[PDB]
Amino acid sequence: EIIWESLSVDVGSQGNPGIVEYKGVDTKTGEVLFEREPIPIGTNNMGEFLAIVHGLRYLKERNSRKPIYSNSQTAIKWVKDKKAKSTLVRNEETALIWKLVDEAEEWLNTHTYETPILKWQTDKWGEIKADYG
């Protein structure tokens, strides 16, 4: 049931809350299409939410037909609701990750996109291609 001609995102975390990075890779080859530099403090869910919206922006910029895959049931919901329901405090330490979540929410509120967001079923398909471990 898996669509190989597609985009897979995943978040690497050094603690949660902790340092967060993410990347988007080709599901078939493994080529890294985009990647973002580690953020000092955020949650895993905030990272997945940014990773999805970033892949959405990358695919729309390119008029792609690739679905986007994520293994985070929570962040897919957040993206579809256009609202990231994170509990993380809002201080100077967390201001970068929150600025990026706010602008991603703003992009979802002002843009259409035809890329379907698909669940990656790990228990069935193995690690998502973009896994960091």
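If you superpose the two forms and keep the largest set of C-alpha atoms that fall within 1.5 Å, you have the rigid core. Sequential numbering from 1, following the sequence displayed.
Asker: Which of the two stretches, 59-67 versus 75-83, has its Cα atoms farther on average from this form in 4 other deposited structures of this protein when everything is superposed by the rigid core?
Answerer: Greater root mean square C-alpha distance in 4 other deposited structures of this protein: 59-67.
Asker: Select between 27-35 and 76-84 the stretch whose C-alpha atoms have the higher average B-factor in the entry.
Answerer: It is 27-35 that shows the higher mean C-alpha B-factor.
Asker: Highest mean C-alpha temperature factor of the two stretches 103-111 and 87-95, which is it?
Answerer: Averaging CA B-factors over each stretch, the winner is 87-95.
Asker: Based on the deposited C-alpha B factors for this chain, I'd like to know if residue 7 is in the lowest, middle or highest third.
Answerer: For residue 7, whose C-alpha B-factor we compare with every modelled residue in the chain, the answer is the middle third.
Asker: Can you work out whether the C-alpha temperature factor of residue 41 puts it in the lowest, middle or highest third of the chain?
Answerer: Answer is highest: the recorded C-alpha B-factor places it there.
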